Amino acid sequence: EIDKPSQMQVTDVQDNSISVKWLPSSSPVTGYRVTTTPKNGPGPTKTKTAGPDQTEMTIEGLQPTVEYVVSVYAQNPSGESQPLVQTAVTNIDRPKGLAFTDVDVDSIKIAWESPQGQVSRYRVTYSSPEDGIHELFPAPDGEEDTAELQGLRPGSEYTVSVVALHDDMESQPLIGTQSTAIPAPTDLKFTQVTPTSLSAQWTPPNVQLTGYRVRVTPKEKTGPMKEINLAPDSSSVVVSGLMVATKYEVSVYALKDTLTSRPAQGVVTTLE
């Protein structure tokens with residue numbers, strides 16, 4: 001007989017390694033042989049050897065969400081003791097590669113890479129300073145790479161976190177930030193036109209903007225074009241110095257820092 005190691009403790013778990021510690025045996029030993037095997041039939045077995053005074057061991061190179069059984073053996077040149085057994089399940093690995101597609105004024109479609117570990121459901125949460133925290137339902141199952149966030153507030157920097165769930169465990173979140181689109185100004189109405197000037201007004205969008213960009217360009221004819229930069233609180237414009245009897249196109253762009261809304265467009269002809 002060789003007195004077995006006693007009271008095995010698991011000090012750390014993660015998606016590819018298990019850390020265990022044990023109490024030294026009573027018999028004088030040359031070392032300890034630790035082994036890791038999946039609790040089911042198949043799989044790969046990892047075997048490491050600890051020193052005679054080593055009571056801890058980390059086993060790397062494992063697979064995520066696998067029920068491993070760790071056996072410790074007290075060793076001599078003559079033989080081996082009986083194994084102290086202790087089971088442990090590896091954690092689920094982190095999803096990576098968050099992609100943002102079809103970013104609209106109201107919707108953001110996200111895509112990611114499925115982790116190698118078997119995932120039951122996902123938990124997609126998204127948030128922004130303007131509309132708080134939301135959790136998506138129904139939670140995407142493990143056999144899905146896509147997710148569509150709907151009903152978002154325009155002109156908002158949204159943060160999206162995706163975490164994989166398997167039974168009791170949670171992965172590390174994969175986080176990615178993405179801003180929604182700014183809607184175009186509405187109800188572009190021309191108020192007064194002259195042979196050399198026009199006046200237009202609009203209903204401003206429901207976003208805190210940094211300014212506007214209005215560009216006036218002739219249609220069906222070649223000539224000068226004008227572009228004015230306006231304050232964010234503006235809702236109308238007067239463009240002067242235009243040509244006589246001239247079909248002009250007026251585009252109103254809403255600007256919030258680095259993002260540009262679609263143009264609120266309208267066509268009008270100057271006076272003959």
# chains A, B, ... in the order shown; residues from 1 in each chain; ligands from 1
>>> residues_around(residues="residue 3 in chain A", least_positions_apart="5", cutoff="9 Å", atoms="only C-alpha atoms", output="number ranges by chain")
A: 25-27, 74, 81-82
>>> write_last_selection(atoms="N, CA and C atoms", output="mmCIF file, in the first residue's frame")
data_model
loop_
_atom_site.group_PDB
_atom_site.id
_atom_site.type_symbol
_atom_site.label_atom_id
_atom_site.label_comp_id
_atom_site.auth_asym_id
_atom_site.auth_seq_id
_atom_site.Cartn_x
_atom_site.Cartn_y
_atom_site.Cartn_z
ATOM 1 N N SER A 25 0.874 12.723 0.597
ATOM 2 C CA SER A 25 0.643 11.391 1.127
ATOM 3 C C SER A 25 1.570 11.107 2.305
ATOM 4 N N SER A 26 1.193 10.103 3.098
ATOM 5 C CA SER A 26 2.008 9.713 4.244
ATOM 6 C C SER A 26 3.250 8.941 3.814
ATOM 7 N N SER A 27 3.128 8.100 2.791
ATOM 8 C CA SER A 27 4.254 7.294 2.351
ATOM 9 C C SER A 27 5.271 8.155 1.601
ATOM 10 N N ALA A 74 0.049 8.703 -6.079
ATOM 11 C CA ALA A 74 1.343 8.738 -5.412
ATOM 12 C C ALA A 74 2.235 7.656 -6.009
ATOM 13 N N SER A 81 -0.036 4.174 -6.128
ATOM 14 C CA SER A 81 -1.147 4.129 -5.195
ATOM 15 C C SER A 81 -2.464 4.144 -5.966
ATOM 16 N N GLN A 82 -3.567 4.061 -5.236
ATOM 17 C CA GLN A 82 -4.867 4.188 -5.871
ATOM 18 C C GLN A 82 -5.175 5.661 -6.143
#
>>> residues_around(residues="range 250-263 of chain A", least_positions_apart="2", cutoff="6 Å", atoms="only C-alpha atoms", output="number ranges by chain")
A: 182-184, 209-216, 265-266
>>> closest_residue(among="A:5, A:64, A:28, A:42", to="residue 77 in chain A", atoms="only C-alpha atoms")
A:28
>>> atom_distance(atom1="CA of residue 180 in chain A", atom2="CA of residue 140 in chain A")
22.1 Å
>>> residues_around(residues="residue 203 in chain A", least_positions_apart="5", cutoff="7 Å", atoms="only C-alpha atoms", output="list in words")
residues 185, 186, 187 and 235 of chain A
>>> residues_around(residues="residue 38 in chain A", least_positions_apart="4", cutoff="8 Å", atoms="only C-alpha atoms", output="NGL selection string")
:A and (42-45 or 66-69)
>>> residues_around(residues="range 48-59 of chain A", least_positions_apart="5", cutoff="6 Å", atoms="only C-alpha atoms", output="ChimeraX atom specification")
/A:17-22,29-34
>>> write_last_selection(atoms="N, CA, C and O atoms", output="mmCIF file, in the first residue's frame")
data_model
loop_
_atom_site.group_PDB
_atom_site.id
_atom_site.type_symbol
_atom_site.label_atom_id
_atom_site.label_comp_id
_atom_site.auth_asym_id
_atom_site.auth_seq_id
_atom_site.Cartn_x
_atom_site.Cartn_y
_atom_site.Cartn_z
ATOM 1 N N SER A 17 -8.075 24.939 -19.088
ATOM 2 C CA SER A 17 -7.167 24.477 -18.051
ATOM 3 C C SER A 17 -7.920 24.308 -16.740
ATOM 4 O O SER A 17 -8.889 25.022 -16.464
ATOM 5 N N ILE A 18 -7.462 23.346 -15.943
ATOM 6 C CA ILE A 18 -7.979 23.089 -14.605
ATOM 7 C C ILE A 18 -6.807 23.124 -13.635
ATOM 8 O O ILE A 18 -5.731 22.593 -13.932
ATOM 9 N N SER A 19 -7.008 23.759 -12.483
ATOM 10 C CA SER A 19 -5.987 23.861 -11.449
ATOM 11 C C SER A 19 -6.486 23.151 -10.200
ATOM 12 O O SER A 19 -7.540 23.505 -9.660
ATOM 13 N N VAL A 20 -5.733 22.148 -9.746
ATOM 14 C CA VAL A 20 -6.105 21.359 -8.580
ATOM 15 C C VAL A 20 -4.953 21.344 -7.585
ATOM 16 O O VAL A 20 -3.790 21.556 -7.935
ATOM 17 N N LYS A 21 -5.301 21.087 -6.325
ATOM 18 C CA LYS A 21 -4.327 20.937 -5.256
ATOM 19 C C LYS A 21 -4.756 19.786 -4.357
ATOM 20 O O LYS A 21 -5.949 19.498 -4.218
ATOM 21 N N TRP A 22 -3.772 19.119 -3.757
ATOM 22 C CA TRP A 22 -4.025 17.934 -2.951
ATOM 23 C C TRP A 22 -3.119 17.946 -1.728
ATOM 24 O O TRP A 22 -2.140 18.693 -1.654
ATOM 25 N N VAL A 29 7.263 9.286 -1.342
ATOM 26 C CA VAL A 29 7.005 9.125 -2.765
ATOM 27 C C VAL A 29 8.074 9.868 -3.555
ATOM 28 O O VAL A 29 8.724 10.791 -3.059
ATOM 29 N N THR A 30 8.255 9.442 -4.805
ATOM 30 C CA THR A 30 9.141 10.134 -5.729
ATOM 31 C C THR A 30 8.441 11.248 -6.491
ATOM 32 O O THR A 30 9.112 12.165 -6.980
ATOM 33 N N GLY A 31 7.122 11.184 -6.606
ATOM 34 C CA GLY A 31 6.387 12.207 -7.318
ATOM 35 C C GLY A 31 4.915 11.867 -7.350
ATOM 36 O O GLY A 31 4.461 10.923 -6.699
ATOM 37 N N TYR A 32 4.172 12.654 -8.120
ATOM 38 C CA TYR A 32 2.743 12.454 -8.288
ATOM 39 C C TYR A 32 2.411 12.446 -9.772
ATOM 40 O O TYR A 32 2.934 13.260 -10.539
ATOM 41 N N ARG A 33 1.552 11.513 -10.173
ATOM 42 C CA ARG A 33 1.083 11.406 -11.549
ATOM 43 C C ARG A 33 -0.372 11.849 -11.601
ATOM 44 O O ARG A 33 -1.239 11.217 -10.985
ATOM 45 N N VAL A 34 -0.634 12.936 -12.320
ATOM 46 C CA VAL A 34 -1.983 13.460 -12.484
ATOM 47 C C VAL A 34 -2.440 13.175 -13.908
ATOM 48 O O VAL A 34 -1.643 13.219 -14.855
#
>>> select_by_dssp(residues="range 33-199 of chain A", states="strand (DSSP E or B)", output="MDAnalysis selection string")
chainID A and resid 33:38 46:50 56:59 67:75 80 84:89 96:101 108:113 121:128 132:135 141 146:149 157:166 169:170 174:179 186:193 198:199
>>> residues_around(residues="residue 136 in chain A", least_positions_apart="6", cutoff="10 Å", atoms="only C-alpha atoms", output="JSON, numbers by chain")
{"A": [122, 123, 124, 125, 126, 147, 148, 149, 150]}
>>> atom_distance(atom1="CA of residue 143 in chain A", atom2="CA of residue 98 in chain A")
16.3 Å
